[PDB]
There are 2 protein chains.
Amino acid sequence: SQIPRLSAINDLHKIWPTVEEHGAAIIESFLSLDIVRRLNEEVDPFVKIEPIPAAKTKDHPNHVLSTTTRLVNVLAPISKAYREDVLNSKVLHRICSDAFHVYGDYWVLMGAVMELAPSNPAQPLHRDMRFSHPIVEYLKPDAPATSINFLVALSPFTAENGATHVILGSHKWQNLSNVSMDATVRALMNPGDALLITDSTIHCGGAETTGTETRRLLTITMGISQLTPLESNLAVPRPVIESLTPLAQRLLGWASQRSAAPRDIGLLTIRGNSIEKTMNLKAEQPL
Amino acid sequence: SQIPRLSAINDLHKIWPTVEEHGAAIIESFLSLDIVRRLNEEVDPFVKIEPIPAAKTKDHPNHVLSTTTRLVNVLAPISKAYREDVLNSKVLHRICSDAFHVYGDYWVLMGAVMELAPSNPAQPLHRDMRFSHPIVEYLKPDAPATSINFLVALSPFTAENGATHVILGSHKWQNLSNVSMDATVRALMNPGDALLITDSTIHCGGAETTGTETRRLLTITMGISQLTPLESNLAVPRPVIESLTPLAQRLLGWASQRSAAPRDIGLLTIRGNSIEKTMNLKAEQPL
Ligand SMILES: CN1C(=O)c2ccccc2NC(=O)/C1=C/c1ccccc1
Ligand SMILES: CN1C(=O)c2ccccc2NC(=O)/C1=C/c1ccccc1
Ligand SMILES: [Br-]
Ligand SMILES: [Br-]
Ligand SMILES: [Cl-]
Ligand SMILES: [Cl-]
Ligand code: NI
Ligand code: NI
């Protein structure tokens, strides 16, 4: 059976329950085509200048991604559409608050644009977070998901051009001897549609088989504020940060965070006060 | 039987193995009396001006600590002795690399001076991290410790003045029906001695029974770089940060971090480069 498809408008309350059951759901029109167009236009140049993932120039090379893959993260300074429209997505925030209520506050572990070159091979079937957060492998099997991944199509996802594979129900698997491409279904998606998976969903990028098509996606890993992001916004200029909403500032680690503990003592606090109170960080200041 | 006592000089390799077995160890002369004297002198005024833990002025009040308790964190800007001597402690770094090798890089979750007023009541028996990191409760029982706590005496720890209680072996307990003050032994310590416990060691601050003695400690929670610190150094001036060693900068979240994954892709990275490379952060620059 196929990946459940849900409306961002009509089925909002059904999205997280669907992922919790099946380990994957397609959110049709997660981003409007206007937001996709502005996002694509803004990141275009940064994708073109991005070297190979394991470039000898990098002191944090990515040895896992194929040499044809280009990944651009820390999108806040690059993209007005990302910092304003995506970081304040009503649909994203409803799903994340549904997903992470047991733990507390959530933030962006990584927002990245990925462009796959023609003839990009299929990724091995995997769970995310295993190259950055070894801790997640030590969580009890039934522990609520500590991160989820919105794979947003920025170009068409087809069977031919390497649309994502998922194994439905694999987020609940402990024994992995049944892991095979035989067990997968595809995320066929229009630009702005999003495939939502958990950190336990077994999945992979598909094989690009046309030899002509370039596939692009926005991957948003949302995780509990108790886990360290893969990416830093420490070098984002304060003018850009102060142009954001307080919620967007929190998602980029420019605010203190709270756990769901009844008498929570907080994260990234400064002698009982928040980052934002201490540094007198203003919000929604046009540049 | 009593908490094992070890020399910082002679028994360095024995410290972590001792804690892994018994859940607690006393490191005699962890800090020299000179470092304790300079630390005490530097934090003295900040302890005196610190309001009650749950002060109505705070947007992150601590509702757990007794009203008599004063906790001062983000010590880097306050204390030269902390930022230089403590953050670069050869003994601390050997123990942390022994403790956290399975996970990867570690950093400071919180460095805090705590002063307990005369007649401070005993804390309830507890595990640390339960008011900040709900995630830790979902770790498999046998998961390696993701944080440890150095409770460094800055004044004498006596049975009379509320020396820490620990239950030896309690870091391996799953059933907690045997938790009682009957099962505890005391950390009797001279200034500069440290009680080392894990996030699973059942322990409590003791009852101050003299009505005259003020007890002070430096608590250093060291944790894997995959867990978010309780405290932020985001507001520490760049001059102070650039006065530190690269290792000290990493411990305060002013560097990218690495996991122990064979093909680690890193934490707090910026398009495959480190915070320190990106921002051209210099180190060991006198003010
Ligand atoms: C390596 N790797 C990434 O770089 C990555 C990229 C985008 C979003 C999350 C993410 N994290 C991963 O765990 C990851 C998985 C992965 C596995 C197999 C093949 C290629 C990737
Ligand atoms: C509340 N609380 C703290 O504030 C604290 C202080 C120093 C170092 C770590 C730390 N984290 C805790 O988990 C904690 C435990 C705790 C439990 C019972 C009573 C009083 C404290
Ligand atoms: Br993909
Ligand atoms: Br104590
Ligand atoms: Cl790839
Ligand atoms: Cl207390
Ligand atoms: Ni993946
Ligand atoms: Ni404690």
# chains A, B, ... in the order shown; residues from 1 in each chain; ligands from 1
>>> residues_near_ligand(ligand="ligand 3", cutoff="8 Å", atoms="only C-alpha atoms and all ligand atoms", output="list in words")
residues 151, 162, 163, 164, 165, 204, 205, 206 and 217 of chain A
>>> write_last_selection(atoms="N, CA, C and O atoms", output="CSV table (one decimal), in the first residue's frame")
chain,number,residue,atom,x,y,z
A,151,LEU,N,10.9,16.5,3.8
A,151,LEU,CA,11.5,16.4,2.5
A,151,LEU,C,10.6,17.1,1.5
A,151,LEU,O,9.7,16.4,1.0
A,162,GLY,N,14.3,9.8,-9.4
A,162,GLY,CA,14.9,9.4,-8.1
A,162,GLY,C,14.1,9.8,-6.9
A,162,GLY,O,14.7,10.0,-5.9
A,163,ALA,N,12.7,9.9,-7.0
A,163,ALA,CA,11.8,10.1,-5.9
A,163,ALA,C,12.2,9.2,-4.7
A,163,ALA,O,12.5,8.1,-5.0
A,164,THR,N,12.0,9.8,-3.5
A,164,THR,CA,12.4,9.1,-2.2
A,164,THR,C,11.6,7.8,-2.1
A,164,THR,O,10.4,7.7,-2.5
A,165,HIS,N,12.3,6.7,-1.6
A,165,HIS,CA,11.7,5.4,-1.2
A,165,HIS,C,11.5,5.5,0.3
A,165,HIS,O,12.4,6.0,1.0
A,204,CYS,N,15.4,6.1,1.5
A,204,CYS,CA,16.5,6.4,0.7
A,204,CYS,C,16.1,7.3,-0.5
A,204,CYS,O,15.0,7.1,-1.0
A,205,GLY,N,17.0,8.3,-0.8
A,205,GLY,CA,16.9,8.9,-2.2
A,205,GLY,C,16.9,7.9,-3.2
A,205,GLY,O,17.6,6.9,-3.1
A,206,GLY,N,16.1,8.1,-4.3
A,206,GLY,CA,16.0,7.2,-5.4
A,206,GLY,C,17.1,7.4,-6.4
A,206,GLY,O,17.8,8.4,-6.4
A,217,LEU,N,15.5,19.4,-3.5
A,217,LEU,CA,14.5,19.3,-2.3
A,217,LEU,C,15.0,20.3,-1.2
A,217,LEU,O,16.2,20.6,-1.2
>>> residues_around(residues="residue A:44", least_positions_apart="3", cutoff="12 Å", atoms="only C-alpha atoms", output="NGL selection string")
:A and (36-41 or 47-50 or 70-72 or 75 or 78-79 or 113-115 or 154 or 216)
>>> residues_around(residues="residue B:260", least_positions_apart="2", cutoff="7 Å", atoms="only C-alpha atoms", output="VMD selection string")
chain B and resid 101 to 104 258 262 264
>>> residues_near_ligand(ligand="ligand 1", cutoff="9 Å", atoms="only C-alpha atoms and all ligand atoms", output="VMD selection string")
(chain A and resid 53 62 to 66 71 109 to 114 122 to 133 149 151 199 203 to 205 218 to 221 230) or (chain B and resid 263 to 265)
>>> interface_residues(of="chain B", to="chain A", cutoff="7 Å", atoms="only C-alpha atoms", output="ChimeraX atom specification")
/B:58-64,72-74,103,131-135,138-140,143,225-232,235,259,261,263-274,279
>>> residues_around(residues="stretch 167-183 of chain A", least_positions_apart="5", cutoff="6 Å", atoms="only C-alpha atoms", output="ChimeraX atom specification")
/A:22-23,200-202
>>> write_last_selection(atoms="N, CA, C and O atoms", output="PDB file, in the first residue's frame")
ATOM      1  N   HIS A  22       2.181   5.095  10.363  1.00  0.00           N
ATOM      2  CA  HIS A  22       2.741   4.537   9.099  1.00  0.00           C
ATOM      3  C   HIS A  22       4.221   4.898   8.907  1.00  0.00           C
ATOM      4  O   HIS A  22       4.868   4.248   8.060  1.00  0.00           O
ATOM      5  N   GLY A  23       4.737   5.887   9.642  1.00  0.00           N
ATOM      6  CA  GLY A  23       6.150   6.316   9.578  1.00  0.00           C
ATOM      7  C   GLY A  23       6.412   7.296   8.445  1.00  0.00           C
ATOM      8  O   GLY A  23       7.559   7.753   8.317  1.00  0.00           O
ATOM      9  N   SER A 200      13.304   7.313  12.627  1.00  0.00           N
ATOM     10  CA  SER A 200      13.273   5.824  12.643  1.00  0.00           C
ATOM     11  C   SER A 200      12.748   5.251  11.319  1.00  0.00           C
ATOM     12  O   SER A 200      12.918   4.034  11.112  1.00  0.00           O
ATOM     13  N   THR A 201      12.140   6.068  10.453  1.00  0.00           N
ATOM     14  CA  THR A 201      11.636   5.625   9.125  1.00  0.00           C
ATOM     15  C   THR A 201      12.824   5.223   8.247  1.00  0.00           C
ATOM     16  O   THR A 201      13.724   6.066   8.037  1.00  0.00           O
ATOM     17  N   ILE A 202      12.828   3.978   7.770  1.00  0.00           N
ATOM     18  CA  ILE A 202      13.844   3.463   6.812  1.00  0.00           C
ATOM     19  C   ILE A 202      13.450   3.969   5.422  1.00  0.00           C
ATOM     20  O   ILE A 202      12.290   3.762   5.011  1.00  0.00           O
TER      21      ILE A 202
END
>>> select_by_dssp(residues="stretch 21-220 of chain A", states="strand (DSSP E)", output="JSON, numbers by chain")
{"A": [24, 25, 26, 27, 28, 70, 71, 72, 106, 107, 108, 109, 110, 111, 112, 113, 114, 115, 116, 147, 148, 149, 150, 151, 152, 153, 165, 166, 185, 186, 194, 195, 196, 197, 198, 203, 204, 215, 216, 217, 218, 219, 220]}
>>> atom_distance(atom1="atom 15 (C, counted along the ligand's line) of ligand 2", atom2="atom CA of residue B:196")
15.1 Å
>>> atom_distance(atom1="atom CA of residue B:97", atom2="atom 8 (C, counted along the ligand's line) of ligand 2")
20.6 Å
>>> residues_around(residues="residue B:24", least_positions_apart="6", cutoff="8 Å", atoms="only C-alpha atoms", output="JSON, numbers by chain")
{"B": [3, 4, 18, 166, 168, 195, 196, 197, 198, 201]}
>>> residues_around(residues="residue B:192", least_positions_apart="3", cutoff="10 Å", atoms="only C-alpha atoms", output="list in words")
residues 27, 28, 29, 30, 31, 32, 33, 34, 35, 36, 37, 151, 152, 153, 154, 155, 156, 189, 217 and 218 of chain B
>>> write_last_selection(atoms="N, CA, C and O atoms", output="PDB file, in the first residue's frame")
ATOM      1  N   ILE B  27      37.667  12.711  43.861  1.00  0.00           N
ATOM      2  CA  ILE B  27      38.976  13.114  43.274  1.00  0.00           C
ATOM      3  C   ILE B  27      39.611  14.109  44.247  1.00  0.00           C
ATOM      4  O   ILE B  27      39.186  15.283  44.257  1.00  0.00           O
ATOM      5  N   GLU B  28      40.557  13.640  45.062  1.00  0.00           N
ATOM      6  CA  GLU B  28      41.255  14.488  46.062  1.00  0.00           C
ATOM      7  C   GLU B  28      42.104  15.511  45.300  1.00  0.00           C
ATOM      8  O   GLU B  28      42.805  15.108  44.348  1.00  0.00           O
ATOM      9  N   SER B  29      41.995  16.789  45.673  1.00  0.00           N
ATOM     10  CA  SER B  29      42.764  17.919  45.090  1.00  0.00           C
ATOM     11  C   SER B  29      42.560  17.962  43.571  1.00  0.00           C
ATOM     12  O   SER B  29      43.557  18.075  42.835  1.00  0.00           O
ATOM     13  N   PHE B  30      41.302  17.863  43.128  1.00  0.00           N
ATOM     14  CA  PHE B  30      40.882  18.060  41.718  1.00  0.00           C
ATOM     15  C   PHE B  30      41.330  19.454  41.257  1.00  0.00           C
ATOM     16  O   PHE B  30      41.942  19.569  40.180  1.00  0.00           O
ATOM     17  N   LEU B  31      41.022  20.478  42.060  1.00  0.00           N
ATOM     18  CA  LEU B  31      41.560  21.856  41.916  1.00  0.00           C
ATOM     19  C   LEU B  31      42.534  22.123  43.065  1.00  0.00           C
ATOM     20  O   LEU B  31      42.211  21.746  44.206  1.00  0.00           O
ATOM     21  N   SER B  32      43.672  22.756  42.768  1.00  0.00           N
ATOM     22  CA  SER B  32      44.635  23.282  43.771  1.00  0.00           C
ATOM     23  C   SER B  32      43.927  24.339  44.625  1.00  0.00           C
ATOM     24  O   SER B  32      42.961  24.952  44.123  1.00  0.00           O
ATOM     25  N   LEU B  33      44.395  24.558  45.858  1.00  0.00           N
ATOM     26  CA  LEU B  33      43.804  25.552  46.796  1.00  0.00           C
ATOM     27  C   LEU B  33      43.942  26.965  46.215  1.00  0.00           C
ATOM     28  O   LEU B  33      43.056  27.795  46.495  1.00  0.00           O
ATOM     29  N   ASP B  34      44.999  27.225  45.436  1.00  0.00           N
ATOM     30  CA  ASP B  34      45.211  28.520  44.735  1.00  0.00           C
ATOM     31  C   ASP B  34      44.044  28.780  43.773  1.00  0.00           C
ATOM     32  O   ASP B  34      43.513  29.903  43.793  1.00  0.00           O
ATOM     33  N   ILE B  35      43.674  27.786  42.958  1.00  0.00           N
ATOM     34  CA  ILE B  35      42.571  27.895  41.955  1.00  0.00           C
ATOM     35  C   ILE B  35      41.252  28.120  42.706  1.00  0.00           C
ATOM     36  O   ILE B  35      40.482  28.998  42.277  1.00  0.00           O
ATOM     37  N   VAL B  36      41.017  27.367  43.785  1.00  0.00           N
ATOM     38  CA  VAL B  36      39.810  27.499  44.657  1.00  0.00           C
ATOM     39  C   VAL B  36      39.752  28.931  45.205  1.00  0.00           C
ATOM     40  O   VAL B  36      38.658  29.524  45.180  1.00  0.00           O
ATOM     41  N   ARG B  37      40.883  29.468  45.674  1.00  0.00           N
ATOM     42  CA  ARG B  37      40.955  30.827  46.277  1.00  0.00           C
ATOM     43  C   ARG B  37      40.569  31.876  45.227  1.00  0.00           C
ATOM     44  O   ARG B  37      39.766  32.772  45.559  1.00  0.00           O
ATOM     45  N   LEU B 151      31.136  17.736  41.319  1.00  0.00           N
ATOM     46  CA  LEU B 151      30.741  18.574  42.479  1.00  0.00           C
ATOM     47  C   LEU B 151      32.014  18.915  43.258  1.00  0.00           C
ATOM     48  O   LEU B 151      32.437  18.096  44.103  1.00  0.00           O
ATOM     49  N   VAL B 152      32.617  20.063  42.937  1.00  0.00           N
ATOM     50  CA  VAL B 152      33.921  20.524  43.500  1.00  0.00           C
ATOM     51  C   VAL B 152      33.629  21.349  44.756  1.00  0.00           C
ATOM     52  O   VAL B 152      32.917  22.368  44.646  1.00  0.00           O
ATOM     53  N   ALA B 153      34.166  20.930  45.902  1.00  0.00           N
ATOM     54  CA  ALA B 153      34.087  21.677  47.179  1.00  0.00           C
ATOM     55  C   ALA B 153      34.874  22.985  47.039  1.00  0.00           C
ATOM     56  O   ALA B 153      36.069  22.918  46.700  1.00  0.00           O
ATOM     57  N   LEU B 154      34.213  24.130  47.240  1.00  0.00           N
ATOM     58  CA  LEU B 154      34.861  25.468  47.329  1.00  0.00           C
ATOM     59  C   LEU B 154      34.958  25.891  48.799  1.00  0.00           C
ATOM     60  O   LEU B 154      35.619  26.906  49.078  1.00  0.00           O
ATOM     61  N   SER B 155      34.310  25.135  49.689  1.00  0.00           N
ATOM     62  CA  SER B 155      34.439  25.212  51.166  1.00  0.00           C
ATOM     63  C   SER B 155      34.360  23.791  51.719  1.00  0.00           C
ATOM     64  O   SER B 155      33.995  22.877  50.987  1.00  0.00           O
ATOM     65  N   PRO B 156      34.730  23.541  52.998  1.00  0.00           N
ATOM     66  CA  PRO B 156      34.654  22.195  53.565  1.00  0.00           C
ATOM     67  C   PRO B 156      33.258  21.570  53.439  1.00  0.00           C
ATOM     68  O   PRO B 156      32.282  22.261  53.684  1.00  0.00           O
ATOM     69  N   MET B 189      34.716  16.200  52.183  1.00  0.00           N
ATOM     70  CA  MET B 189      35.690  16.748  51.208  1.00  0.00           C
ATOM     71  C   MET B 189      36.300  18.047  51.734  1.00  0.00           C
ATOM     72  O   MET B 189      35.583  18.834  52.384  1.00  0.00           O
ATOM     73  N   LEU B 217      29.948  25.190  46.446  1.00  0.00           N
ATOM     74  CA  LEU B 217      30.505  24.188  45.505  1.00  0.00           C
ATOM     75  C   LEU B 217      30.502  24.753  44.084  1.00  0.00           C
ATOM     76  O   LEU B 217      29.702  25.666  43.797  1.00  0.00           O
ATOM     77  N   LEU B 218      31.411  24.242  43.255  1.00  0.00           N
ATOM     78  CA  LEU B 218      31.404  24.419  41.784  1.00  0.00           C
ATOM     79  C   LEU B 218      30.902  23.106  41.183  1.00  0.00           C
ATOM     80  O   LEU B 218      31.613  22.095  41.321  1.00  0.00           O
TER      81      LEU B 218
END
>>> atom_distance(atom1="atom CA of residue A:249", atom2="atom CA of residue A:45")
25.0 Å
>>> closest_residue(among="B:211, B:121, B:77, B:17", to="residue B:252", atoms="only C-alpha atoms")
B:77
>>> residues_around(residues="residue A:248", least_positions_apart="2", cutoff="12 Å", atoms="only C-alpha atoms", output="short mmCIF file (atom, residue, chain, number, x, y, z; two decimals) with N, CA and C atoms, in the first residue's frame")
data_model
loop_
_atom_site.label_atom_id
_atom_site.label_comp_id
_atom_site.auth_asym_id
_atom_site.auth_seq_id
_atom_site.Cartn_x
_atom_site.Cartn_y
_atom_site.Cartn_z
N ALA A 76 18.96 30.76 6.45
CA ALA A 76 18.38 32.01 6.99
C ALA A 76 18.99 33.23 6.30
N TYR A 82 12.67 31.47 3.11
CA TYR A 82 12.98 30.47 4.16
C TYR A 82 12.78 31.10 5.55
N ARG A 83 13.46 32.22 5.81
CA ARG A 83 13.54 32.86 7.16
C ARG A 83 12.16 33.37 7.58
N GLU A 84 11.31 33.78 6.63
CA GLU A 84 9.97 34.37 6.91
C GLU A 84 8.89 33.29 6.75
N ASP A 85 8.69 32.78 5.53
CA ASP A 85 7.53 31.91 5.19
C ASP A 85 7.73 30.52 5.81
N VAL A 86 8.88 29.88 5.59
CA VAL A 86 9.10 28.46 6.00
C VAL A 86 9.21 28.38 7.52
N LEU A 87 10.06 29.19 8.15
CA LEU A 87 10.32 29.13 9.62
C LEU A 87 9.05 29.46 10.41
N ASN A 88 8.06 30.13 9.80
CA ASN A 88 6.78 30.52 10.46
C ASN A 88 5.60 29.72 9.89
N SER A 89 5.86 28.63 9.17
CA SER A 89 4.82 27.75 8.58
C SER A 89 3.87 27.26 9.67
N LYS A 90 2.59 27.62 9.57
CA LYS A 90 1.54 27.20 10.54
C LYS A 90 1.46 25.67 10.54
N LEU A 92 3.88 23.39 9.62
CA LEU A 92 5.12 22.83 10.24
C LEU A 92 4.98 22.87 11.77
N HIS A 93 4.56 24.01 12.32
CA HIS A 93 4.53 24.26 13.79
C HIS A 93 3.44 23.41 14.45
N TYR A 106 10.98 22.50 20.39
CA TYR A 106 11.68 21.93 19.22
C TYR A 106 12.35 23.08 18.47
N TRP A 107 13.34 22.76 17.64
CA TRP A 107 14.04 23.74 16.77
C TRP A 107 14.54 23.04 15.50
N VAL A 108 15.18 23.79 14.61
CA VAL A 108 15.74 23.26 13.33
C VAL A 108 17.08 22.58 13.65
N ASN A 233 23.79 28.78 13.45
CA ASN A 233 23.38 30.13 12.98
C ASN A 233 24.17 31.21 13.75
N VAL A 240 19.82 40.40 10.44
CA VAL A 240 18.99 39.31 9.85
C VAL A 240 18.18 38.64 10.97
N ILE A 241 18.83 38.30 12.09
CA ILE A 241 18.18 37.62 13.25
C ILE A 241 17.06 38.52 13.80
N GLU A 242 17.32 39.82 13.94
CA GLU A 242 16.37 40.80 14.52
C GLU A 242 15.24 41.12 13.53
N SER A 243 15.37 40.70 12.27
CA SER A 243 14.31 40.82 11.22
C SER A 243 13.29 39.68 11.37
N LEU A 244 13.63 38.62 12.11
CA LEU A 244 12.80 37.39 12.24
C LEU A 244 11.74 37.59 13.34
N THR A 245 10.75 36.70 13.36
CA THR A 245 9.77 36.54 14.48
C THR A 245 10.50 35.91 15.67
N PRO A 246 10.02 36.12 16.91
CA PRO A 246 10.59 35.44 18.08
C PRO A 246 10.64 33.92 17.91
N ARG A 250 13.96 31.45 17.89
CA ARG A 250 14.07 30.25 18.76
C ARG A 250 14.52 29.05 17.92
N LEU A 251 13.92 28.87 16.73
CA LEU A 251 14.20 27.73 15.82
C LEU A 251 15.67 27.76 15.36
N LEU A 252 16.31 28.93 15.32
CA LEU A 252 17.71 29.10 14.85
C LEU A 252 18.69 29.16 16.03
N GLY A 253 18.24 28.89 17.26
CA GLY A 253 19.10 28.87 18.46
C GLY A 253 19.47 30.26 18.94
N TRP A 254 18.70 31.28 18.56
CA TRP A 254 18.85 32.68 19.04
C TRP A 254 17.76 32.99 20.07
N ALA A 255 17.48 32.02 20.94
CA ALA A 255 16.59 32.14 22.12
C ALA A 255 16.88 30.97 23.06
N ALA A 283 12.81 41.74 17.56
CA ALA A 283 12.24 40.84 16.53
C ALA A 283 11.42 41.66 15.53
N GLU A 284 11.30 41.17 14.30
CA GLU A 284 10.44 41.74 13.22
C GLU A 284 10.87 43.18 12.92
#
>>> select_by_dssp(residues="stretch 34-244 of chain B", states="helix (DSSP H, G or I)", output="ChimeraX atom specification")
/B:34-49,80-86,90-100,134-138,170-172,181-183,238-242
>>> decode(residues="stretch 45-57 of chain A", atoms="N, CA, C and O atoms", output="short mmCIF file (atom, residue, chain, number, x, y, z; two decimals), in the first residue's frame")
data_model
loop_
_atom_site.label_atom_id
_atom_site.label_comp_id
_atom_site.auth_asym_id
_atom_site.auth_seq_id
_atom_site.Cartn_x
_atom_site.Cartn_y
_atom_site.Cartn_z
N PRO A 45 22.15 30.46 -6.76
CA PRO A 45 23.59 30.74 -6.85
C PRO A 45 24.44 29.96 -5.83
O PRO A 45 25.54 29.57 -6.18
N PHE A 46 23.92 29.74 -4.62
CA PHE A 46 24.66 29.07 -3.51
C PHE A 46 24.79 27.57 -3.80
O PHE A 46 25.81 26.98 -3.40
N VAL A 47 23.81 26.99 -4.49
CA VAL A 47 23.86 25.58 -4.98
C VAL A 47 24.98 25.47 -6.03
O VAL A 47 25.76 24.50 -5.96
N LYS A 48 25.06 26.43 -6.96
CA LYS A 48 26.02 26.40 -8.10
C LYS A 48 27.47 26.52 -7.60
O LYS A 48 28.34 25.90 -8.23
N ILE A 49 27.72 27.27 -6.52
CA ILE A 49 29.09 27.55 -6.00
C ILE A 49 29.50 26.47 -4.99
O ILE A 49 30.70 26.43 -4.63
N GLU A 50 28.56 25.65 -4.52
CA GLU A 50 28.81 24.61 -3.48
C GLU A 50 29.74 23.55 -4.05
O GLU A 50 29.46 22.97 -5.10
N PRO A 51 30.90 23.27 -3.41
CA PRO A 51 31.77 22.18 -3.83
C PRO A 51 31.22 20.80 -3.45
O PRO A 51 30.16 20.72 -2.84
N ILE A 52 31.95 19.74 -3.81
CA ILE A 52 31.59 18.33 -3.48
C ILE A 52 31.44 18.21 -1.97
O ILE A 52 32.09 18.93 -1.22
N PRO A 53 30.54 17.33 -1.47
CA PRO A 53 30.31 17.20 -0.03
C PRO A 53 31.58 16.99 0.82
O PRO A 53 31.62 17.52 1.91
N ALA A 54 32.56 16.25 0.29
CA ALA A 54 33.82 15.90 0.99
C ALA A 54 34.99 16.70 0.40
O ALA A 54 36.11 16.16 0.35
N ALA A 55 34.75 17.95 -0.02
CA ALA A 55 35.77 18.85 -0.60
C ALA A 55 36.95 18.96 0.38
O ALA A 55 36.70 19.07 1.59
N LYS A 56 38.19 18.92 -0.14
CA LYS A 56 39.43 18.93 0.69
C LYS A 56 39.55 20.27 1.42
O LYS A 56 40.30 20.32 2.42
N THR A 57 38.84 21.30 0.95
CA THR A 57 38.79 22.66 1.54
C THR A 57 37.99 22.68 2.86
O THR A 57 38.19 23.62 3.64
#
